Amino acid sequence: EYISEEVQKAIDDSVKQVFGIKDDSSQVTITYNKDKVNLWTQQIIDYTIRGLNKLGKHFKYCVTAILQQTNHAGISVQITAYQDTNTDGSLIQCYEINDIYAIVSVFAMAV
Amino acid sequence: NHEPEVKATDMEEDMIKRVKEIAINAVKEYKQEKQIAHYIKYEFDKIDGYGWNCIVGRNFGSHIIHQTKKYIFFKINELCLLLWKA
Amino acid sequence: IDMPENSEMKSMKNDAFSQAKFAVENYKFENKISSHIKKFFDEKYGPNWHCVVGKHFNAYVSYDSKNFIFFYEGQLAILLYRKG
Amino acid sequence: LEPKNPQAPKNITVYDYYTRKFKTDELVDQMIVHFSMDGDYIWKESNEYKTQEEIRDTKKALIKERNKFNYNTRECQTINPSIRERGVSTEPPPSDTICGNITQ
Amino acid sequence: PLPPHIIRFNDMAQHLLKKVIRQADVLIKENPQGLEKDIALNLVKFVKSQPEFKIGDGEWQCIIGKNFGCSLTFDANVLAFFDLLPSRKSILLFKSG
Amino acid sequence: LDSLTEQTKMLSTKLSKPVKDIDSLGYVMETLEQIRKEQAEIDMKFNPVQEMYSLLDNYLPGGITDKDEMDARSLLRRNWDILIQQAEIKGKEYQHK
Amino acid sequence: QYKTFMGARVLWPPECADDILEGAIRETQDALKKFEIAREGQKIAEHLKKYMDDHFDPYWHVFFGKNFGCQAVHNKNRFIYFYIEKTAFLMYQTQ
Amino acid sequence: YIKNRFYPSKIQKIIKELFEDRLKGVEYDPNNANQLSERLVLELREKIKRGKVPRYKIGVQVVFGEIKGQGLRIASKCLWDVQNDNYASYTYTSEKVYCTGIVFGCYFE
């Protein structure tokens, strides 16, 4: 009784509301910062979980986030688990603005 | 394997030797055409400022310009490497 | 009975025979024979070659002029040509 | 499960023109990607504003004193072999089948 | 509907490439034999003529080939490289930067 | 051999013929260099002669009729070597003066 | 267990895709019936690979006979393997 | 006990053939996109009906849209005993539209 499409919609609401700005200039006046990246990761995760517990669904979630500095290095993000067919599942998302390569990985399970 | 060889060149001797070394290193390190061209264009952009162009291929036609002493066209083991500036 | 040609000087034609005669005896499966011939010619002359071994088969390929060798080696038949 | 990516090759080869061999590579990247888009909008970066505004500045001051003397055309073309389609045939070798009796 | 093709790399707005595809196709059909010189000449003389393609840093260049690789200081705006499936001619179009 | 040689030697005699093109050059030097780029294509259309005379002088060195062969072929490559040398030297000294 | 198909015994489920399948599963016997005979050799696979390269992706490889069997790695999901009247057909596309 | 089994690529077959011959390079018209999906989903379901899987339950799913300066990510997870149950998935994208279909299969027991 859910849809991972909407799970992704909620993740997108969270991220693009926290840092995403429609007018694309403040997003590079906000470039990757060694001092502020801790605040970024923690607050992204906290706001995302606040969005998730806004949902009254009885399913159980767990979240992971990755923040990459630059495209030169390259990365591979892969997912795998072991759960129940009907209700459980997962979700991934890649995200890019100018110089921040964000990735979110969520697991949703029954009970 | 075999050393480079110029089919048409306009460079000085010491500048020929540098592009020889950079081509050898590029081909030993990278294995892709765009990667080799990007790396050599980068090497000569670091050594000689801005405005380098490098065409790396197997059968192409070109009609280009350059600075008078910044052009070279040489082949390595059936690889046509052209290079020029501006 | 059939010997398609290649470049003069016997630079590659003399090579292909001497290589394939060792290849055929050294192995039983065609895999090692054909891979040996192709892998050698890649190091020797060209970037990409193509080799076929077998008793009976017909083929029709595109290739580069004077780079198509085909010979009935013993009971077997070996085809080779550059392409790419 | 440790996911394998469908719609992917399993190993990558490429010719080395320094070491005249090939060399294959059996590790393949397995991230499904569609529509990567490159951008050209650059906001108060340290590295790009300098490198653009400086070159435009120097060009315009130079022309304020066509200016680089007229260039010279060139030409070069490579050798392009022709593509031919030729197909040949082998044949199953013949065999014989006799019958003989045993003598005294 | 466009004629089938494989855009290996394009940078200009899509209607520019539409025009390029249609004229390059009809031109490869009108000149099915000869050298790629004539193809290049006719394509440049047509492409340079239209009131469109207004902006240019340098000027027009077209290259036809079947096996190569290159790297150019193309004008950051216009660049096209694609293939015509029936004849498989890797055709390239840009403006000098 | 004769035709290709008359071409290359004509390029050389254009480099050397008029006191004008000797001292005050013009756009004609751009055409000389154009023919020098073409010189690739010129040797491409000449290469049938290299292998053919190779097959000929394999078992027929000549010595009697090889006079004009020596003249023409060596005249081609003479234009080539003076091309490299005079291109370099003339470029440098015309830059000096 | 080599399940039946309106064309032939196909290893169900296989590792290819049905425009290719239906095309091959109709084209193999269409080719063999129209003007072709089992007496001729690979002038069959000639027209088969030609037809495949004409419509579908260009780089194909065909192997058919009465005794063969292969492992390999190819383009994902481009593996046709079917028997027909005790004659194994195998086809795969490589980029 | 599973004598007749499900492997991915015959449904992957059906789904490819279906996609080319039905989409035939159609544009993304907004007034009929959802109903185009409605039609071809049921056609695909009919095809898996002859898809020769007795106890394998079929969770059909399809995506259809147009590509316009638009980055996208679609992924699923598999949730079954690998010995019996399996999945299938195909993508098909032209110059301006993209249609991708997935089909589950779960051996009933």
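Just above sits the structure.
Calculation notes
- Residues numbered from 1 in each chain as written, not as in the entry; some residues may be left out.
- Chains lettered and ligands numbered in written order.
- Part of a larger assembly, values for the part shown.
- Heavy atoms only, no water.
- Residues with missing side-chain atoms left out of burial classes, pairs and counts.
- Contact = heavy atoms within 4.5 Å.
- Buried area = accessible area lost by both parts, 1.4 Å probe.
- Salt bridge = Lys/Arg side-chain N within 4 Å of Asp/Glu carboxyl O.
- Helix = DSSP H or I, 4+ residues; strand = E, 2+ residues; numbered from the N terminus.
- Nonpolar A, V, L, I, M, F, W, Y, C, P; charged D, E, K, R; others polar.
- Pairing = 2+ DSSP bridges.
- Axes fitted to C-alpha atoms, helices over the stretch in contact; angles between N-to-C directions.
- Left-handed = near helix turned anticlockwise from the far one by under 90°.
- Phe/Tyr/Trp six-rings, centres within 6.5 Å; stacked < 30°, edge-to-face > 60°.
- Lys NZ or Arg CZ within 6 Å of the ring centre and 35° of its normal.
- Expected span 1.5 Å × (residues − 1).
- Buried < 20%, exposed > 50% of the residue type's maximum accessible area, 1.4 Å probe, protein only.
- Arc of directions from axis to C-beta.
- Polar contact = N/O pair within 3.5 Å; in protein donor to acceptor, adjacent residues only side chain to side chain.
- Parallel < 35°, antiparallel > 145°, perpendicular 65-115°, else oblique.
- Patch = residues over 30% accessible without salt bridge, like charges linked within 9 Å, V, L, I, M, F, W, Y side chains within 5 Å.
- Areas by Shrake-Rupley, 256 points an atom, 1.4 Å probe, with all protein chains shown as cover.
- Bend = angle between axes of the 7 residues up to and from the residue.
- 1 Å grid on protein atoms, 1.4 Å probe; cavity = no way out; pocket = protein on both sides within 12 Å on 5 of 7 lines; lining within 4 Å.
- Points joined across faces, edges and corners; volume = space filled by probe spheres on them.

Across the boundary between the two partners, chain G contributes 18 residues, which contact 17 residues of chain H. In this assembly, chain G packs against chain H so that about 1500 Å² is buried in total across both faces, 57% of it on carbon and sulfur atoms. A salt bridge links G:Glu22 to H:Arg50; the shortest N-O distance between them is 3.7 Å. Counting only elements with at least two residues in the side of chain G that touches chain H, the list comes to β1 (3–4) and α1 (18–34) of chain G. No other element matches the five residues that α1(G) contributes to the side of chain G that touches chain H. The residue inventory of the side of chain G that touches chain H, partitioned by class, reads ten nonpolar, two polar and six charged.

For the rest of this paragraph, the subject is the sheet that holds strand β1 (residues 60–68) of chain A. Residues and elements named next belong to chain A. Spatially, three strands are ordered β1-β3-β2 in an open sheet, and the strand pairing comes out antiparallel. Among the strands making up the open sheet, the edge pair consists of β1 and β2 (89–96). Each strand of the sheet is rotated relative to its neighbour by a mean of 10°, with strand direction disregarded. Judged from the nine bridges that link them, β1 and strand β3 (residues 101–109) form a sheet pairing that is antiparallel.

This part takes up the packing of helix α1 (residues 2–16) of chain F against helix α4 (residues 66–96) of chain F. In a packed pair of helices, the relevant descriptors are the angle between the two axes and the axis-to-axis distance. All names here are of chain F. Following both chains from N to C, one finds α1 and α4 inclined at 35°, their axes separated by 8 Å at the closest point. Helix-helix and strand crossings are classified by hand; for α1 and α4 the assignment is left-handed. Only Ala 72, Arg 73, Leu 75, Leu 76, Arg 78, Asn 79, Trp 80, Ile 82 and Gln 86 of α4 make contact with α1, whose side of the interface consists of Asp 2, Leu 4, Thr 5, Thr 8, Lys 9, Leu 11, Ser 12 and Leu 15. Of the residues that constitute the contact of α1 with α4, the class distribution is eight nonpolar, five polar and four charged.

Turning to the packing of aromatic side chains, a few remarks are in order. For the coordinates displayed, the defined rule picks out 29 aromatic pairs over all chains. Members of the aromatic cluster, connected to one another through ring pairs, are C:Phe40, C:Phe41, C:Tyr45 and C:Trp49. D:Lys44 extends its terminal NZ or CZ atom over the ring of D:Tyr49, reaching a point 4.9 Å from the ring centre.

Below, the discussion takes up helix α3 (residues 37–54) of chain A. Residues and elements named next belong to chain A. The terminal C-alpha atoms of α3 lie 25 Å apart, and with 18 residues this matches the ideal 26 Å at 1.5 Å per residue to within 8%. Those residues of α3 that sit buried are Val 37, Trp 40, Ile 44, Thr 48, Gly 51 and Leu 52. Down the axis of α3, the smallest arc covering the buried residues is 100°, so these residues share one side. Away from the buried face of α3 by more than 90 degrees, exposed residues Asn 38, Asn 53 and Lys 54 are located. Those residues of α3 hidden inside the fold are in contact with α1 (4–18) and β1.

Once that is clear, we can look at the side chain of F:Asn79. Residues and elements named next belong to chain F. Note that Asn 79 resides in helix α4. You can call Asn 79 buried: its relative accessible area is 3%. Polar contacts involving the side chain of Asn 79 include one to the side chain of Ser 12, which spans 2.7 Å. With residues up to four places along the chain from it excluded, the contact list for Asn 79 reads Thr 8, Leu 11, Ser 12 and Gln 39.

Residues and elements named next belong to chain F. At their nearest, the axes of α1 and helix α3 (residues 28–59) sit 11 Å apart, and the two run at 165° to each other. The pairing of α1 with α3 is recorded here as roughly antiparallel in orientation. Crossing angle aside, the handedness with which α1 passes α3 is left-handed. Contacts between α1 and α3 involve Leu 4, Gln 7, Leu 11, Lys 14 and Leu 15 on the former and, on the latter, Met 29, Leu 32, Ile 35, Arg 36, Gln 39, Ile 42 and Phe 46. Tallied by class, the residues present in the contact of α1 with α3 amount to eight nonpolar, two polar and two charged.

Further remarks concern the sheet that holds β1(G). Strand pairing in a sheet takes place through backbone hydrogen bonds and is either antiparallel or parallel in direction. Residues and elements named next belong to chain G. Taken together, five strands build an open sheet; the order of strands is β1-β2-β4-β5-β3 and the sheet is antiparallel. Edge positions in the sheet fall to β1 and β3 (60–65), since each of these pairs with one other strand and no more. One ladder, built from two bridges, connects β1 with strand β2 (residues 9–10); its direction is antiparallel. By the bridge assignment, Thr 4 is partnered in β2 with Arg 9. The sheet strands contacting helix α2 (residues 43–55) are β3 and β5 (88–93), and the helix crosses β3 at an angle near 150°.

A few words now on a nonpolar patch on the surface. A cluster of nonpolar side chains, namely F:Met52, F:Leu56, F:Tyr59 and F:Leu60, defines an oily patch on the protein surface of about 430 Å² accessible area. Considering the arrangement of structural elements, one finds F:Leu56 in helix α3.

Right, let's get into the environment of F:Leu4. All names here are of chain F. Mapping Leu 4 onto the fold places it in helix α1. Linking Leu 4 and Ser 74, residues 70 residues apart in sequence, is a C-alpha distance of 11 Å. With near-sequence residues (within four places) excluded, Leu 4 lies in contact with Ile 42, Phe 46 and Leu 76.

Attention shifts here to the interface of chain A and chain D. Each side of the interface is counted separately: chain A has ten residues, and chain D has ten residues. Sorting the residues of chain A by area buried against chain D places A:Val28, A:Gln78 and A:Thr80 first, and these three jointly supply 49% of that buried surface. Counting the contacts that link chain A with chain D gives three residue pairs in polar contact.

Contacts between protein chains span 14 pairs of chains, and they are most numerous for chains G and H. Across the gap from chain B to chain G, with no contact made, the nearest C-alpha atoms are 17 Å apart. Without any contact between them, chain C and chain H keep their closest C-alpha atoms 28 Å apart.

Before going further, it helps to spend a moment on α3(F). Residues and elements named next belong to chain F. Over its 32 residues, α3 extends 43 Å from the first C-alpha to the last, a length consistent with the 46 Å expected when each residue adds 1.5 Å. Taken as a whole, α3 carries its principal kink of about 45° at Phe 46; the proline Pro 48 stands between one and four residues after it. Buried within α3 are the following residues: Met 29, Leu 32, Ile 35, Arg 36, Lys 37, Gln 39, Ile 42, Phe 46, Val 49 and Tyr 53. Along its buried surface, α3 packs onto α1, α2 (19–23) and α4.

Turning our eyes to something else, we now look at empty space enclosed by the protein. All names here are of chain A. Considering only enclosed or pocket space, the largest cavity measures out at about 160 Å³ in volume. Taken together, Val 15, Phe 19, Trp 40, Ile 44, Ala 65, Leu 67, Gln 93, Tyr 95, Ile 100, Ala 102, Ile 103 and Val 104 form the lining of the largest cavity. Put simply, the parts of the chain that give the lining of the largest cavity at least two residues each are α3, β1, β2 and β3. Per element, the largest residue contribution to the lining of the largest cavity is three residues, and it comes from β3.

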